[PDB]
Every structure is written in C-alpha cells, then in structure tokens.
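Inspection log for the structure reproduced underneath, given as structure tokens.
Chain naming follows the written order as A, B, C, D, E and F, and within any one chain the residues start at number 1.
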Amino acid sequence: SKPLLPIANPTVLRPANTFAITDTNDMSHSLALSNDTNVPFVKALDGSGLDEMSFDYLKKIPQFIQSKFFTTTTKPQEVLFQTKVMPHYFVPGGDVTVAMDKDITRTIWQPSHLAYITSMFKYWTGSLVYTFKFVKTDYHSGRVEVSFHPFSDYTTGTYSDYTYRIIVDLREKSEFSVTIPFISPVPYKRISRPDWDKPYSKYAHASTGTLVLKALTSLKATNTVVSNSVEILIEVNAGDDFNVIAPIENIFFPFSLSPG
Amino acid sequence: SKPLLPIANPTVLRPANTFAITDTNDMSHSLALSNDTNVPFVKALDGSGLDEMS
Amino acid sequence: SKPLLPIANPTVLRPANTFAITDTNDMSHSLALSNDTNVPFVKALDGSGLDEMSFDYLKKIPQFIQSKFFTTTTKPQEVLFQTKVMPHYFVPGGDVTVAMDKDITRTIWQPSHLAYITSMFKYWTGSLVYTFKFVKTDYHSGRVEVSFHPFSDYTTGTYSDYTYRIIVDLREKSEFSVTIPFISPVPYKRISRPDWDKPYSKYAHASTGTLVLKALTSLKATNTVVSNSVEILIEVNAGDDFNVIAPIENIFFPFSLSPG
Amino acid sequence: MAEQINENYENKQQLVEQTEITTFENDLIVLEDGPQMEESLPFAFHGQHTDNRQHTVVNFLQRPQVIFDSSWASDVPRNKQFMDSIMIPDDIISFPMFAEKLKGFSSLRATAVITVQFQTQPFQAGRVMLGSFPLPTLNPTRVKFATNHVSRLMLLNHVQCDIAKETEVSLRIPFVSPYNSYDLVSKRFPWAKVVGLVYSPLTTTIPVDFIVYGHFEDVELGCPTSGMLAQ
Amino acid sequence: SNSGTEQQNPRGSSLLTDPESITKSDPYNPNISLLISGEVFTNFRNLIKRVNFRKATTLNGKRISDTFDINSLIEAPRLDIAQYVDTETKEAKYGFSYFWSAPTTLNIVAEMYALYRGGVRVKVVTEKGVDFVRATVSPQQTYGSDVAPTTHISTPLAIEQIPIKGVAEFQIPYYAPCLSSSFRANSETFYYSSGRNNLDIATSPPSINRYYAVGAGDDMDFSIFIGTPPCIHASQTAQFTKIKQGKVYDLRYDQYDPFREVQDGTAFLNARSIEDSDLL
Amino acid sequence: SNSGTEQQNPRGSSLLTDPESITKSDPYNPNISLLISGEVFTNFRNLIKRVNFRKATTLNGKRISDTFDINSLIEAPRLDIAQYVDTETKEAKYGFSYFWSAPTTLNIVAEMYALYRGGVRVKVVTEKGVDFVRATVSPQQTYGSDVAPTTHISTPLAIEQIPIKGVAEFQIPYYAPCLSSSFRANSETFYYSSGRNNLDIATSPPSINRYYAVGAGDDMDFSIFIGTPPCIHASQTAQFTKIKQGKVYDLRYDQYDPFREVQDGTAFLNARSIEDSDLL
C-alpha cells in the first residue's frame, strides 16, 4: 500500500520523567532480560502480615521520650511532666556522641521514631497516645492528674478543672495510657525541630496545645521497706487518624556507619 | 517477541503549550507527590453559594 | 476542514531500543521488500520435534566428566569418586592445546556442556543426574555406596549412614544413574569456575553439597580370565527442574576455527 | 526412550528394599530368617519403663531449655544490660538436649520462643526490657546502635516486664532470613540477637533473679545430612 | 479503662488498637489529606519512587567508564569527620562532611529496614559535549577466580543519547540467589546473601564528572523493620564557624547535585568515617 | 530401579525421563524463576535477541563505505595467537587476541548449531560529526561474472540520521535459495548452500571508525545441534605478564566496543588465527 499519513498531535519532549512524582510512568531502560521485568510482591517476609512499610503501622509504635521522678518530697499541685502536644521529640540519652580529637567530643541529638518518620514531610495531624509508666509497688500510693489543655499553656491562673482530665488513683495501678485528640484551629500543624523547654505560645505553629501530668498528692511510702522515689516513664504513640502531608521538608539526614 | 514497528504519524513539537489558551492541556512538571495532584473545588468558602469568581 | 489539534502527551526519545531486552519491539529498518517481513518458524528441521534450541532439551544431555578405577587393591570404605554437587565441570582430556612456537605449548581447559550452557547466566537451581558406568563383566563383583551429603563435606567423622545412599550390588549389574535433588539453603546457587579439587566448605556459594561414590568392598576377580582394573565412567545430566537465571555473566568466550 | 530388548538379565526390581534412608539394590539372592511366628507381650507385662506418650524430634525442640539463671543488682542503670546477649539460635541449639537432636539434619526453619522468669517480693520496683535485633551478622553496622539505648530497642520487636507485676514474660520471634532456613552444619545466618536492657533501675538493695528459657515452635526440619565440614 | 494493673499499652497492642480517649468519646477526626494536600500518603513503598541525587564521580580523570557497587546506593552514605587547620593560627577546628555524597528519599526508608528485594533505578547527569551514556551490570566476582573479566559478551547494554535526552535513565534489576537480599556491609564470607553487582556507566566522548541520582524501581520492597538510623540535623548545614582562610560548615558537603550551589567552605585536611565503634 | 544390566541412562532416554531419585521420592522443586529473578528463561531462541557489540572497522582510512559479509557475523570471531617481543631483552612472550572483534550473545548460541534461518540485526555506532548512515545489501557475486558491480539500482536502502538517533539500527533479511542456510566457511564450490550477501554501511560525511553491534532478528532460528565450540576462559582477560614496554594480557582485545576502556596491553608483532589443524 504505502499511502501518506495525517499529521499527529503536537507533542512536547522531556529529558526525563518527573523525579518528584510517585506514580504514572518511568522512561528508564530495563537492564533485565525483558522490559517491565518486576519481582512479585511477597508479604509477611517479616513473619507477620502487617505491612512493615506502611506509615499507619510505623506510626503506632511506642517509644520512650522522657523520664521524671515522683517522690515523698513532691508537693501537691506540682507539675511532674509538661509537654507541648506534638509527635516529634528527641531521644533522651541516645545521642550520637563521637570523639573528634584526643579531648574534643561533640554530641548530636537524635530524632524520635515519629520525628524521623515525619522528618521528610511538612505538616501533621491526628490524635496522639501518651503512655505513663510508674515503676513502683502496690505499696506506694499517689494521685496524678493528666489534663489536656488544647489551645493554651499551663501557667499562673491556669485552672486544670476546665479541661478533660483523668485523676488516676495509683495504689495497685501502675500504668496509664490516653489518646490525646487533635484539637487545633488548623487542620494541620507544623513539623519542626523539637523543643522541650518551650511553652505553647512559642511553637504555636507546630503544637496543638500542652498536656500536663500534675501531682495531686505527695508520694506515700514507708521508708523501711520501699523507696521514696518512683520514676515516671513517658512513651509516645501516634494514634490512628495520624495523617502527614506535604513532603517538601527535611529535618534529619541519615547516615550509615563504617565497620570497625 | 520483538518485531519491527510501522511508522507513526508525523508529529510537530513545541517548547511549551500555548500560553494564551484557557483549556486543553499543560505540559508542566508536577512538583507534588504524584502527577495531576489537584485540590478539590470547595464552594461557599465565602459563606455563600454564589461563585464570587463568576 | 483543517482545524487545530490538542497537545499530545509528553514523550521522551531514545537513540535505540534497549539492547538488553528479549521482547517488546525493535526500531530497526527492514531491508526486505516489506516491513515486518519474517520467515515462518519451521520445526523438526533436525528430524525431530524436540526444540533443539530449548534450554530444557539441551540441559538433559549426558556428558562424561571424569574417570576413576576400581581394582583388586582397593580397600573397603575407600572413596572412588567425590564431587561437589554442581552442574558445571571441565572436559577431562578435551583441552584446546595449541602450539605457540617450536617448543612452547599452552593448554586451555574446556567447558562442560552444562558449563557452557550456564556460562552466560549467574545462578542455577534444580536436580542433577549423575550416571556411573562400570566397564566390567558379569564375573567381576563389588559394592559401591552413592551417598548424597547435602550441606557438608566428606571428611573424618563423616558417617555416610546419615544420608540418602544406594548400596548397589555389582555382580551382573553394570550401570547406575541417580537423580540428585536440589537441597540448599538458597533457592539458587552460584555459577562459577569449576574446581574438582576443592571441598564443599570452599565453593559453598556454587555447590549444594558433596556426593561420594565409596567402595564398600575390594573388587573380586580371578586373575586368570578377567582383569583386576575396572574403569568408573561418570556422566552428568541436568535433571528436569533445572532452572537458570540472572543472565549477566560470562565465564567462557567461544571462538571459531580457521580452515587449514 | 532408547528401546532395549533384554532377555538374559532379569529386571530384578525386587531385591530392592529401602529401609527409611538407605536403599539396597541387590543381585543374586536376598535371605532373611529368625524365630518364626513372632508375638509380643501385652503392655501390662512391660511398659513400666515408658510414659504413655511418644516424643518425636520436633518436640525436644518444643521443650523449654534453660539458657540463663542469674541476677542483677541496683547498680546497673537504665540503658545497660541486665543479662547477656543471646544469639538466636546459636546460643540455644548449642545446649546438648537440642544439639543432639538437630544433628543429622541439614537446617532448621522455625519460630523461636524466648521466655524469661522474674523473682520479686512485693516490695521491689523497676521495669526491664527484652528485645531482639533481626539478623545481627548481616547488618553488624547497625547492631550496637539499636541495642545500646532503650527507645531504640523498644521500637523494634520487644517485650517489657514491670518487676512488681509480671512474673513471666515470653517474646515470640518468628524466623526471618534472606534464606529459607538456618544452616545447621555451618551455623550461618542467625535470625535475631536477643538483648536485655534496664528500663528503670531497682529502688531497693535486693537484687532480682531471672531465668531465661528458649524453645522453638513452627518447626520445619531440613534434609538428613552427615553435617561435618573440613578444617 | 485508661489505667490499671496490666500493661496499658504494649507494642503488640499499640499496632492494633488505641487506648480510650481522655474525653471518653470518639477522639478521631476524618482524613482530609486529599482535601487540603490534594494527595494521600499511606505507604513508604510509594514514596521511595521519588528520585534524588546520591553520589558524584569527580576525583578520577577523563575516563570512559565508572564502575561501582549497586547495593552501596541503598545505604545512606558514610558520614565523615573533617579536620580543618587554620592557615594562620594553626589550631584545629572540627566538623562533619559527606564526601561527594548525600542520602536520597530512598535512603531515608531503606535505613529503617534490614533486607531489600527489587530493582534499583539510576539516572545520570553528565557534562557538556557528552553524546552517549551506556549502562551494563556485571557480577563483580567470577566466583573461584582471583580476577574478573574486563569485558562481557552477554551482559545487558542500554544506550541513552544526551543531546536529545539529557538525563540517562537506567533500571537495574534484582539479580541475587536469595528471596530478599542484604545491602549493608558485613564480614560474611562462607557464602553470600547479597547479590554483588557492578554497574558501568560509559560516556562517549570520555568525560570527568558523572552525577548520579538514584530511586526505587517499581518492584522495590524492604523486609524487616530494625529501627531509626543515626541521623544528623539538617539545620547543621548552614551553621558555620569562621576562620582565616574561609568558612567551616558543621555539615560540609560537595557539589554532589549538579544543580546546587557550591557552598563556600574551605577544604578539610583529613577525613575519617564514623565507625560503629566510635559511638559513645 | 537405579541400577541394572540395561543402559540406565542413554541419550534418547535422558531427553525424556529422569532416573529414580536417590530419595526414592519426588526430587523436584517448583519453578520459582519468575518469583526471584522476576523473569523466566526457557529457550535460547529468545535470548539471542539480545544485541551486543561484534566488530569494529578502524584500520581503513576516511572512507564513505564499509562492505563485509553478513554470515561471518553469526560465526564467533577467529581467535588469534599474538607474538610479543620484549623491546629490551628480545625474548618472545605469547598470548591470545581478538583482532578488532568479540563474540555476541548471538554467537554463543549460533556456535552450538549447524545451520541458520532468519534475518540478522545490525546496529552501528559512529564517531562525532557523522550526519547519516545508510545500509544496503548486495549479492557479493554476480554469478558467472568475474566481477560484481559497484552500484545497484533496485537494492534496499535504509537511512538513519545520527544527531537525532545516535544508533543506526538495520535489519537484514534472510535471502538464500535454501530452506535453512549455512554460515561457516567451507570449500564447497559446485553450487552453494550459503546466501552470500554483502552489507554496505555509509557515513555522510565520510568517517574512519565504525562500531557494529549484532543481534538476532525476530525470525532467527538455528537447526542442528552439533556441540559446544572451542572456548577461552573469560578470566584470562585480566591475567597479564609484565615486560619492559608494558603489559601482555593473555586474552588481548581491541576497542571493539566504543564504550569499553582501552586495555593497557602493548601491540603484538605477529598474528596467526588458530586453525582446525592446530589442535592437539
């Protein structure tokens, strides 16, 4: 035959498909035996059907973020623990501390599990789950008050009776874990460099509010059989609606180590 | 398999789609997580269903 | 008519289709009378419907790899033959031995049938079939033990009673052929340069284990009518599940000869 | 098939008797004799030497085996070990009950179960963490950074114990490897390294004692082998 | 309830169910990521498809080849300690450095897992005047031979033409004996769990600078969660201490990305990669 | 059973059925090539489609043409013996060499078979400044004439434009009188079994270096298995003996592949192709 052909649609040509995009198509060459040679997805390699790669699995893993004490010298209404409500923290003592010279040592503060996982994004949302462990016996005793102040600080003139709180009687009880909801004027808050020693009024863009663990009582204990100190162990979990968007940031660069 | 292919229609290539036009298509790269990532239209942001842009 | 046209999808252009791929399409020009001019496939050119090009046909062809002897001086439990379980070997005396000068001669060890066919790939799997010929009469006699040690060597402290073995009574019988299965911790083992004189503990990446042909008995024979030596002739065949993957290697370069 | 017309040699397909593993294939004649009309004594007459049960080689692996039996005082603080590290399954299958049974097997694919006991009179406090780093010989770069600190171990697969609440604790570690099984003849590719840290120190002088048990479930034993390597 | 004697939120329980809300009501808000972001993020398996620049080859000559291991790209690059000496006052200042390297989107995810499975995608950017770029994989080790060939006759070849396609995109499959392979360094030598592969990028005419960007192929999958890697603060890139001959950036980095400015930090004097035994 | 008096595993029986397992049970494991490799290999008919570089034309001048036989490309190239003389001590060292040639994926398969049938695919890479490349086939022999024409008026022509497509891909059909043709050299002269064809690659402007890569066309088929060819170890490419003026590689090779490094081996002094009569 061999007849002519009508003109086609005007095209526009690129050097590469868009690096930025997750989907659509890729122009690479296949160095395999055939094109679109792919390895089938095999699940439960880790022994469980939980997709260990899923964000909704990783985010739900508890992690210790700070320790406090609760003693027989604690006054009532004394704050034991006070944090901005935010997913990203620093690891307490798990710093990377390398020697530079015979006597110069430097310390890199290391990221929370949530801090690392949200490190590449820009905004977050959803409820968080704060767990409190009390390493004690059935023969210590104490009331703590976990009150969630959604928009404000805990300062002078801050009555905790306005806020969803839980007054837990720690006689036999030993642990405590609440889901702190996402209450904010913004559908998303900012991921940031974590700062323990900041109020909420600063970092107002990265936190929803402040949560406070407050003593209602001194720690009751007979000194001849049990101790006077009891360590508060705080963990952070990331709820179920915890959603994270806008992947145009980096707060933490990872590196690998060299074998020694 | 790998057989030959017939010749295609003659094309004509541009540096850009026409700036002037409202519609049709745009050749840009998406800097989002995925291509054709778009925000849904939400109406009555101004408190009324009147399209304040119309 | 002649109206305008909408813009097309953004394309990306290459100098050539991917050399590496077996399938998909090729951009070449046809120097024939018409495009996609192809010669129809005609089978049984070789007189048989077996696709002489199929890997699953080529792999199933027996080939002699080493000779041993079995005499009236052989002690019981003496190893006659010991090999790593692997498809690729060297041809015994079929070396390429060319003269370089009036008195310089060099020898190229030549590849097994399986060695050559798997030479372009990287990993193999599947069962192998080792054949043992005993060039004797009905008036020789002997027991041999063919025991497959899947993960280990044959050394001191190696009892062959732990392993699938065959104690064959060679009075009238003369031949012997077993399918040695693929037992390994890896779904595939490595194709390599073959080495007879290596144990399994070295080449642990290329072999499944060691197979051993061991005498259970001296060779019984009256010296006035038959001989004292009987030659063991070993062949190697490559099973039916023998699968070979990852075509990114070359161990053997072929060449053609010049007419003399 | 190459066709073969044989009339001088019988296809002696009998005289071929496999006995579990070993196959005899014989010429001439096979003979077998003994006392004829064999009976057995009923079970009341003997059987004072056995239990009313049978033990395979899969149990003997499902049996708990004591690995550790020790203590730790109040001098060890958070993020420091209270028990020695355990390689799975090297520090388990090296005990004679298991090793005598795994011998003669190529490999092992099973989930391992590490159980730990804890002794407490009700006046003692503290918490303790038991985690497992997968495949420590394949990623040695990352082992000691994921196990020198609590809150990098507990996001791994871990199990905690409140000293004044839990008297037993058991972590289930499923088999996981780039491979199918665990090479027994060469002991290559252990699939976890159990480490034990202190989540919070003791509050009294009285140390705490602990027993570490280890067994396997979901057991798939490999091919029979001699299991000896050169050296 | 929210408190009690049993462990109120163990790991195995956190993966499945959340504790009661402080409100003793429904604490959950509906997902509206698609309504504000315009896109939804749920799995890191998709996010690793994003290609970012990973390494650069500068310190060789005008060569026609560049061979290097593939699994090393799934690792995050080594962090190095940089010794700086003041050309005037001769006292030492000390910082951190990525030697002609940087991590990728891929490397942020891969460092949380133990094994990998699937193909790696490599895209190259070259200097001007380069006409072609060719990619080939080879096994790095002819097993049982002290030396590996310098050519191959049945390996994959893939040619991209720069002046008509400026980025040379290649996809390197998964070729390893095992189900899922390993990508970090180890001292295992008996038999191997990694698929050890080379990748040779050629340029016609021969050139000096090769810029490599890496990303996840479609079939990319990681296996066992192990934990968060050792990290460095991103803000440490802009912090610097001034000395006589110039600036000393806490996190020093090279022109690994052919599109980033060259930071005005003076060259160091010695480099030492942080070993696992250096951690205190 | 596994043993007996009849031949337990002849050829004709090995092609169809395997002997009993040593386990006296099922010895077979299931095919999982698609599950690990991501692809399945079963037939060499598909593998020959892979194109690798085969020869190079350097030792002519700045010409506008390069004519050569097509069936010679299905052969593996001749292996040559190289005489090296030490510029100092004047003793001879001896190695092997591929004179501006190398085998292809295609050549590994074609050397196991006797006859071929189908079209050959030839792809060319040229030097800079070349604008066009043209391909034409011609019969090499005007039968019955002592000379062949220098032009033709009804032959195939195929033009590729380099600066917009850098690799000039051509496909040469199967034109021979017989069902399946022969591709190796013979002394047959009565009538012929090979389809003797030339192939003329032109360059505008005329150039010197022509790099050719060959592969199997879709209709490629080989006929009669004959056996494994004479081979050379691939590891012999990196082994060398040092002399005064440089290195002497056991397997010496040229820049046949315009993307491979030039190996640092000194030129030889004499070349001799291994004849079939040289084998001992």
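In this text, a residue touches a chain if its C-beta (ideal position, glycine included) is under 8 Å from a C-beta of that chain, and two chains touch if they have at least 3 such contacts.
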Count the touching C-beta pairs: is A-F or C-E ahead?
-> C-E
Which chain has its Cα centroid closest to the overall Cα centroid?
-> E
Selected from C-E, A-F or C-F, interface repeating A-E by over half of its contact pairs | C-F
Expressed in whole Å, how far the mean CA point of subunit C lies from that of subunit F is 24
Let me have the rounded angstrom distance from the C-alpha centre of subunit A over to the C-alpha centre of subunit C, please.
-> 56
Length of the line joining the C-alpha centres of subunit E and subunit F, rounded to whole Å = 39
Subunit A-subunit D separation of Cα centroids, rounded to whole Å = 37
Touching two or more other chains in subunit E are residues 5-7, 10-11, 36-37, 39, 41, 47, 50, 115, 119, 132, 137, 142, 145, 149, 152-161, 164-165, 173-180, 184-187, 190-191, 219, 223-225, 228-230, 276, 279
Residues of subunit B that touch at least two other chains are 1-4, 11, 14, 17, 27, 32-34
Which residues does subunit D have that touch at least 2 chains other than itself?
-> 9, 23, 25, 140-142, 145, 148, 152, 154-155, 162, 165, 176, 179-180, 186, 188-189
Interfacial residue positions of subunit A with respect to subunit D in the complex | 45-48, 61-65, 67, 91-94, 113, 133, 135-140, 174-175, 225-227, 229-231, 233, 235, 256-259
As the complex stands, subunit E meets subunit A at residues 2-11, 14-15, 18-23, 27-33, 36-37, 39, 41-47, 49-52, 75-79, 81, 92, 94, 98, 102-103, 105, 107-109, 111-113, 115, 117-119, 121, 123, 135-137, 156, 158, 160, 165-167, 169-174, 179-180, 184-187, 213, 215, 217-219, 221-225, 228-235, 251, 273-280
Partner subunit C, residues of subunit A touching it in the complex = 7-17, 27, 29-35
Please name which positions on subunit F make contact with subunit B in the complex.
-> 49, 171, 218
Per the touch rule above, subunit A residues touching subunit F in the complex are 32-34, 37-40, 42
